[PDB]
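Neighbour counts are summed over all protein chains in view; Cβ atoms, including those assigned to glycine, are modelled from backbone coordinates with ideal geometry. None of the figures in this text is laboratory data; all of them are computed from the coordinates on show.
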Amino acid sequence: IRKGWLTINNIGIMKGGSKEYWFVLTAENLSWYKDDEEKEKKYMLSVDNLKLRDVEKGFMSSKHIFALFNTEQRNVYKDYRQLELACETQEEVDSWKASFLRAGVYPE
């Protein structure tokens, strides 16, 4: 339902460091790509069995941050941290959060 650039702050330490990925969100799944060519299909998350949260109060304010997480089903991202997603502006974060909620991501 939505396509665009989206930064991930929590990436495995072996390949860690905040990185920007091309992200496609649809009703069924979350698809991550290296670039807007939409070729790699490196990894994905299921829309169902996910929860959407705001970032911790007092956390870094250099980026507009929100996170995807879960505790009830085995649909969790790599067990390193909660999937912290970030954007340059608040509008992009709100757009992504709304798209996730429409897709079927449970709020909080």
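Only residues that are without any contact (Cβ under 8 Å) to a residue 12 or more places away in the chain and either surrounded by 14 or more Cβ atoms within 10 Å (Cβ to Cβ) or more than 16 Å from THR7 (Cα to Cα) (or both): list them for the range 38-55, please. Spell out the reasoning first.
To start, the set of residues in the range 38-55 that are without any contact (Cβ under 8 Å) to a residue 12 or more places away in the chain comprises 39-43.
Passing the criteria: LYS39, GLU40, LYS41.
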* Asked: Do we find a residue being under 20 Å from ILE1 (Cβ atoms), within 14 Å of the chain's Cα centre (by Cα), among the β-branched types (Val, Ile, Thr) and surrounded by 14 or more Cβ atoms within 10 Å (Cβ to Cβ) anywhere in the range 59-76?
  -> no
* Asked: Which of (1) in contact with a strand residue (DSSP E or B) (Cβ under 6 Å, 6 or more places away or on another chain); (2) farther than 19 Å from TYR33 by Cα; (3) acidic (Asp, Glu) is the odd one out, the single condition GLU84 does not satisfy?
  -> (2)
* Structure fact -> Restricting attention to the range 27-52, the residues that are more than 18 Å from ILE11 (Cβ to Cβ) and among the basic types (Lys, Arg) number exactly 2
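Results for (1) of a type outside the set (D, E, K, R); (2) part of a strand (DSSP E or B); (3) closer than 28 Å to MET14 by Cα, shown as yes or no for each residue.
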| site | (1), (2), (3) |
| --- | --- |
| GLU56 | no, no, yes |
| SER61 | yes, no, yes |
| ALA67 | yes, yes, yes |
| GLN73 | yes, no, yes |
| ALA86 | yes, yes, yes |
| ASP94 | no, no, no |
| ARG102 | no, no, no |
* Would you check which residues across the range 2-22 are touching a residue at least 60 places away in the same chain (Cβ under 8 Å), crowded, with 16+ Cβ neighbours inside 10 Å and out of contact with any helix residue (DSSP H, G or I) (no Cβ under 7 Å at 6 or more places or on another chain) and list them? => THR7, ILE8, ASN9, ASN10, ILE11
* Structure fact -> Filter the range 28-54 for residues that are outside any loop (DSSP other than H, G, I, E, B) and basic (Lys, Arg); the one that is farthest from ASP94 (Cα to Cα) is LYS51
* What number of residues in the range 77-102 are of a type in the set (A, V, I, L, M) and buried (at least 19 other Cβ atoms within 10 Å of the Cβ)? -> 4
* To do: Quickly run through the range 51-65 and pick out the residues that are under 16 Å from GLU108 (Cβ atoms) and either touching a strand residue (DSSP E or B) at 6+ places or on another chain (Cβ under 6 Å) or among the acidic types (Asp, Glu) (or both).
  => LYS51, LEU52, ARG53, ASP54, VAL55, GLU56, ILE65
